[PDB]
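A short worksheet on the structure shown next.
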Amino acid sequence: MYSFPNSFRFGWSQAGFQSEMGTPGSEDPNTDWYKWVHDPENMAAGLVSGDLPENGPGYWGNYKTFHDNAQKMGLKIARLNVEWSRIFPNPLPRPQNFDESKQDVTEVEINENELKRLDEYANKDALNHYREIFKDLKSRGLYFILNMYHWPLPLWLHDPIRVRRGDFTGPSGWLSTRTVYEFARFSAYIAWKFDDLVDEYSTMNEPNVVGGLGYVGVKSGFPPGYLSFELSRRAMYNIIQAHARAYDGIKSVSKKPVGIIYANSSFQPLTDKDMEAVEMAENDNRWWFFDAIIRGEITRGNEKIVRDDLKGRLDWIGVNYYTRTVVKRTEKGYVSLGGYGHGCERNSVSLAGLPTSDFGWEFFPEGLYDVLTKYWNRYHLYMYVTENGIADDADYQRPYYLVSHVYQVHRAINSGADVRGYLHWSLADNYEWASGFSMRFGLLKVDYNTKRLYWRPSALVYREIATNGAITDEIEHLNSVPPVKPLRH
Ligand SMILES: OC[C@@H]1[C@@H](O)[C@H](O)[C@@H](O)c2[nH]cc[n+]21
């Protein structure tokens, strides 16, 4: 047996764009992502799969059924987001005291009069519907983390096709400080409207992926898919100060904890000669971002500066974790290696003989212990594991994947790390971005024709864990690597 603290909660995470649409009247055509996946040129290039989010699992209409299953499953925590585009589908008036030419947004004044003006422009049907969803959620005794942002922006803030084409005259997303200003107002506004229902807040989900895939990893088919080291830095600079202003905005309205959710890889040495390459990978991929929003340390242009407006803007850390990255020391610096981590073949084995998911991701649960303990020792801010899961429609590996990673969180707590819950990605299958519906991460299988939900055997395993607040003796064998012999190589 591995028992968790009495206050620890097992649950799930979900995104609006990925799960909401599918039922009559649920369509949200008004995001950069929606336009991006419907684009004929993007479809012909194979940048996006051709699957359309409006054919998705239908959480907007069917939320009481998702919640029914989560409750059957004994889940006690949920993290999801409000879709910005649903609240403000049309543009807001240009802000006052806003100089679009300044690099830094060090303050965004929001007062109650401003919020009531904001309220005039908000979609009321959507606001009421989200209230109905979150209320039903709370009525199941689910603790509620509200995330403000999980990738799609209102189209009036970002036209990604225009940007893909190299035209920077239109709405340019995280490349514009207007988006930073509006994000702060949006987040404060949502905290003002929902604080009675929320337990903890997150400002954003995985900002590094937004800037990294949007402007460098352009083969991934993430908007705007404009290849530029320089614009990726600008995007990341803007998203950081956006988080800080959102933190201040929410705090102006709420006393509740405000954190952030970030995408993590466990950086692993190829040989015992690559321990320094690991540290460098960790600097370049993790610490630089958290040192910015915790310690105010940031690079602006060429200068390494400290900004007092950034410092201390974090109460907790959402650890998203799927797999490792293997690195090796180089002449220049270091490189990530193909054949490990998320750079493997689908439904195969990594170069280390570890099985890979439907997405080509390597089974590596100890990475989670690595990540959780490293964050803890560096900052001493409590954590939630806000995502962890596997693309596995067959459910071959998920039972092992689940029990193994949950064991690693136990290990982390045992070492003294303050980790307060584990949130599987996800309750049910959903729209996996540029990959479409074929990447199935659900504990529950979705029939996309009928919108019926099915319990994969792993959902039954998760019920055993959640209802007992422990990995029980009877399932402890699943704290192991899925046997590789019977699987594809
Ligand atoms: O790919 C599975 C999931 C996505 O569906 C989520 O939207 C995103 O938060 C994320 N980051 C890493 C892995 N995942």
Side-chain angles (χ1 to χ4, degrees), residues 11-22 31-34 36-37 48-49 51 53 56-57 59 66 78-84 145-153 202-214 217 219-223 239 259-266 285-286 289 317-325 341-344 346 356-365 367-368 371 384-393 397-398 401-402 405 422-444 446 458:
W12 90 102
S13 287
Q14 186 174 299
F17 184 72
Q18 295 181 269
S19 306
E20 282 164 345
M21 293 180 246
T31 57
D32 56 352
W33 260 101
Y34 189 99
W36 185 259
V37 304
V48 301
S49 68
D51 290 358
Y59 180 71
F66 280 62
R79 156 257 169 157
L80 41 275
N81 69 298
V82 283
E83 278 292 285
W84 193 348
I145 301 175
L146 181 52
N147 180 44
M148 290 309 182
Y149 175 68
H150 199 136
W151 304 354
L153 298 173
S202 169
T203 58
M204 51 186 77
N205 181 83
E206 300 196 352
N208 50 333
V209 169
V210 180
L213 296 192
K219 291 173 70 174
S220 301
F222 274 45
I239 220 154
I260 207 184
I261 295 161
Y262 196 79
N264 297 287
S265 169
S266 176
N285 288 281
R286 184 149 83 230
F289 181 95
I317 300 177
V319 172
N320 281 7
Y321 175 80
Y322 291 81
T323 192
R324 61 163 170 187
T325 297
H342 55 79
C344 310
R346 311 192 168 218
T356 68
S357 72
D358 294 358
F359 227 148
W361 304 350
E362 191 188 26
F363 190 94
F364 194 80
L368 182 51
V371 170
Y384 281 99
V385 173
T386 38
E387 295 184 21
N388 177 249
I390 187 177
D392 186 4
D393 181 23
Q397 296 183 51
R398 190 177 286 104
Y401 189 98
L402 175 67
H405 290 77
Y422 171 91
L423 287 66
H424 200 69
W425 182 275
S426 195
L427 188 63
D429 298 338
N430 53 258
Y431 188 81
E432 184 58 36
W433 306 111
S435 301
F437 297 111
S438 63
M439 295 298 99
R440 291 180 173 256
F441 273 87
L443 287 147
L444 306 176
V446 177
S458 64

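Nothing fancy with the numbering, it's 1 onward along the sequence. Numbering of ligands and ligand atoms starts at 1, following listing order.
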* Non-neighbouring partners of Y384 that pass ring-ring contact (aromatic ring centres under 6.0 Å, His included), sequence neighbours left out ->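 Counting only residues at least two positions away or on another chain, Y384 forms a ring-ring contact (aromatic ring centres under 6.0 Å, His included) with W316.
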* Asked: Going by atom types alone, do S13 and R79 pair a side-chain donor with an acceptor below 3.5 Å?
  ->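 Result is yes, a qualifying pair exists.
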* Please check if any side-chain donor atom of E387 sits under 3.5 Å from a side-chain acceptor atom of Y322, or the reverse. =>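 Yes, a side-chain donor-acceptor pair sits under 3.5 Å.
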* Partners of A391 by side chain to side chain contact (heavy atoms under 4.5 Å, CB included), sequence neighbours excluded? ->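 Once residues adjacent in sequence are excluded, the partners of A391 under the side chain to side chain contact (heavy atoms under 4.5 Å, CB included) criterion are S357, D358, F359, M439, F441.
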* To do: Could you pull out all residues at least two apart from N208 that satisfy side chain to side chain contact (heavy atoms under 4.5 Å, CB included)?
  =>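 By the side chain to side chain contact (heavy atoms under 4.5 Å, CB included) rule, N208 matches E206, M236, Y262, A263.
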* Anything under 30° is parallel, anything over 60° is perpendicular, the rest tilted; go ahead and classify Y59 against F66. =>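 Aromatic pair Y59/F66 classed perpendicular.
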* Per-ligand residue contacts, ligand 1, heavy-atom threshold under 4.0 Å ->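 Residues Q18, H150, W151, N205, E206, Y322, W361, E387, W425, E432, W433, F441 each place a heavy atom under 4.0 Å from ligand 1, listed by chain and number.
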